[PDB]
Each structure stands twice: as structure tokens, then as C-alpha cells.
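>>> Just the structure for this:
(2 chains)
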Amino acid sequence: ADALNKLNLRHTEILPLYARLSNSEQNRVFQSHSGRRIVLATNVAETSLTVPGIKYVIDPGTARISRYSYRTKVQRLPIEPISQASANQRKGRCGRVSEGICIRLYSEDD
RNA sequence: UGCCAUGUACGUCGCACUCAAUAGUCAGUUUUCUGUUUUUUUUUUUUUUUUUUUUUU
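Residues are numbered from 1 along each chain as shown, chains lettered A, B, ... in the order given. Sure, the structure comes next:
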């Protein structure tokens, strides 16, 4: 968000979404606008909220995932590449209203 | 308190100071660094920093 607001794209506003987000802000994601909104979201939008009015989707293929190992006896949440099913879900999150394009910031072999 | 017999033997002398000067043996390639003063103090205690994610009579 700071990088995009430093970029200052014309007729474009920057909109976040995550789990700890305010209820009012989560409704402001849902409300209308004028122009283009670049939404930066997480597994919340991957799974639950179904943010509307999205044309294209960027998948870096990256998510923290909870984990619990026997050596450390402690819950961790490492940064791991998302699955094929997670990639397919993030891909399908954009073809709701019209034609969708999923730009994945990694390789097809990967 | 009177007397004491006669002749009877002599000379001259020495001492010192000393002694010097002597044989043969030629030569050693070119070039080089090395070098000097001056400000001096070198050294002084620090700190809290980010967030997958989702459900429970």
C-alpha cells in the first residue's frame, strides 16, 4: 500500500483487506466507488469474503500456513508456496463479473 | 844538717773515570641506494519495532 501510494496512479485508489481489518473498512471494500481500486488481500479473500467487482488477479504464490512440529513443540506459521488447489482458487476468484486474467509471479514448472 | 868519684843516647810526604746512528715487500674491474620533523588529545555509555488463517451445545 505504501509503495502504490508513493507511485500515485491516476484515478486509482489503494484498498486493503485482511483478517484483523475493521468491520467498517471491510464494508468499505464492499461498497461502490468511481474509477479503479487496487485491492491487496489475503487468505480471507481467498476463502471467505468473495470481494466483488474484480477483473484481474495477481498470485505471487505465497502464503503463511500454520504448522506444528515435534522438535520445537510450538505452533509456527512459516511462509510456504501455495498449493495447486490454492492457486486454482486464487485464479478462479476473478471470473465473477467478466473475463479474468491471473498473473502468477512464478513459473509453470514450479 | 858537713859530703855526694870519672865518662856516658834522638829522626822528612804521594792516586784516577769509562761506551753514538746498518734491507727487502708490484698491483687491487664498473656502478649503487641509504637521510629526516611535523600536527602531537591516541578517546569519551546505551536501548526496546510487527500482524496466514479459520470453526465450537
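>>> all contacts plus neighbour counts: C-alpha atoms, from now on.
Fine.
>>> number of nearby residues for residue A:42?
Other residues within reach of residue A:42, judged by other Cα atoms under 10 Å, total 16.
>>> and residue A:56, what is it in contact with?
Applying Cα atoms under 8 Å, 6 or more residues apart in numbering, one finds that residue A:56 lies in contact with A:94, A:100-103.
>>> out of the residues you listed, who has the most neighbours?
Result: residue A:94 is most packed of those (other Cα under 10 Å), 22 neighbours.
>>> How about the secondary structure of that residue?
Under DSSP: H, G, I helix; E, B strand; the rest coil, residue A:94 falls in the coil class.
>>> Apart from its neighbours in sequence, what residue is nearest the residue nearest the centre of chain A?
Centroid check for chain A by Cα atoms, centre = their mean gives residue A:41 as the closest residue, at 3.2 Å. Distance criterion Cα to Cα, 6 or more residues apart in numbering; nearest residue to residue A:41, sequence neighbours excluded, is residue A:17 at 4.7 Å.
>>> Would you mind confirming that that neighbour makes contact with residue A:39?
Yes: look at residue A:17 against residue A:39 with Cα atoms under 8 Å: they come within range, at 7.2 Å.
>>> which ones are touching the residue nearest to the centre of chain A?
For residue A:41, the residues meeting the contact criterion (Cα under 8 Å, 6+ apart) are A:16-18.
>>> So residue A:24 versus residue A:12, what's the distance?
Counting by Cα to Cα, to the nearest Å, the separation of residue A:24 from residue A:12 is 21 Å.
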